[PDB]
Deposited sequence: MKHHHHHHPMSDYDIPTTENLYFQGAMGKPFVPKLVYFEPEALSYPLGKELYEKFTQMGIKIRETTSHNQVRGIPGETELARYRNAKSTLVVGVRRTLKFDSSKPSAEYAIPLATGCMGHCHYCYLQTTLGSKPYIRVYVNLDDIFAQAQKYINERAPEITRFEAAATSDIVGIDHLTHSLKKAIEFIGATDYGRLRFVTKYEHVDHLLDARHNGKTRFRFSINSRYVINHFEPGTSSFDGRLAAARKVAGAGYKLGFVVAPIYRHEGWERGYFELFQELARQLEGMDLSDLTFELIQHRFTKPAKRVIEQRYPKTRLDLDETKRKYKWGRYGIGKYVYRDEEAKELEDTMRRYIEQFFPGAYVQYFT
């Protein structure tokens, strides 16, 4: 059930680090097909004759490498920065924004000393103000972590700092190895949730809603700060009742738990102009409605723009989500709607 790659690439430089050495001996012991990248770290020869084939096989391929870009991206509204522990995902969410943000093997970085050292510099440059880090900005870091334990190390590193905070969101239940981690109350452990329609139709290759909630109870019992990310908020047929049933069912599955300091994050479905065509050839018979005529185009600033719902329909979603959260989780804090 936990993700295990069917193909692994190693950057030569990765073998100079403890994690690279450990992963090399791990995957060779497991008899998994292991390859070397070029001297300039390019991944060549991923199986597949069509574009869709190489996309599928890429999502079953792991690349063990070194993070050379030590400048951290900003990650608002979640956190000040994105801490780069991994890139890519094993899941096949039809709407996924990684389809345009990438183009899709799973990359993991081994130079944790360097990455954490850089994280500490960002913390020092803003202290005594709090600096939050998003570890799942460009990947499902939790779904990958049983292989590496990099997130666990990041959790404990952040736990040792005074002004640092960590956060990440996942669609996977494979969190057992993280339960005895010394988080020190400085990690927000979030789970992506959605209506039954969106999960059943658009989220294959992820854990079930029940699995995610089972995992959510485990992490909360281990003392982690708990939160949920309701995204993508998607106006499907019967969305108002669909999302009502979500929060009702969510409240039922978290019965008899300390839900003080529970957070919610709300993201409406969004897609870029290229995504329409890219998704059409990566998921041909998807029910995902990418009709531009029912959307508002929000023009980009430094990046490319994207379609979102019109201001009025967006407010319907926001007001509705806020109403259900207040009904089923009194005192819970909605961090943002975007």
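- In this entry, the deposited residues absent from the coordinate set span 1-28, 132-133.
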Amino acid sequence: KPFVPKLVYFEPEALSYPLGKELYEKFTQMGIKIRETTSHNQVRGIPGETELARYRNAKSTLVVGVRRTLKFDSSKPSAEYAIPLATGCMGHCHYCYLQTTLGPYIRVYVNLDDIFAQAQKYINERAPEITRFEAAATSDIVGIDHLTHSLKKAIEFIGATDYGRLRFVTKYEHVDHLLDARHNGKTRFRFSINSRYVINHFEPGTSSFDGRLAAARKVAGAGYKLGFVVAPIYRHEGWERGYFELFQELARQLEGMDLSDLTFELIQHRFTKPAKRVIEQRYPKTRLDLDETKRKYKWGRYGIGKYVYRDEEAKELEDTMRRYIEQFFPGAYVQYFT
From here on, numbers count along this sequence of modelled residues.
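- Taking only CA atoms, the mean B-factor in the PDB entry is higher for 254-262 than for the other of 232-240 and 254-262.
- The deposited model assigns a higher average Cα B-factor to 270-278 than to the other stretch when 270-278 and 60-68 are compared.
- When all modelled residues of the chain are sorted by CA temperature factor, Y172 is found within the lowest third.
- Among the modelled residues of the chain, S139 sits in the lowest third by CA temperature factor in this PDB entry.
- Sort the modelled residues of the chain by CA B factor and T148 lands in the lowest third.
- In the deposited entry, the Cα temperature factor of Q99 places it in the highest third of its chain's modelled residues.
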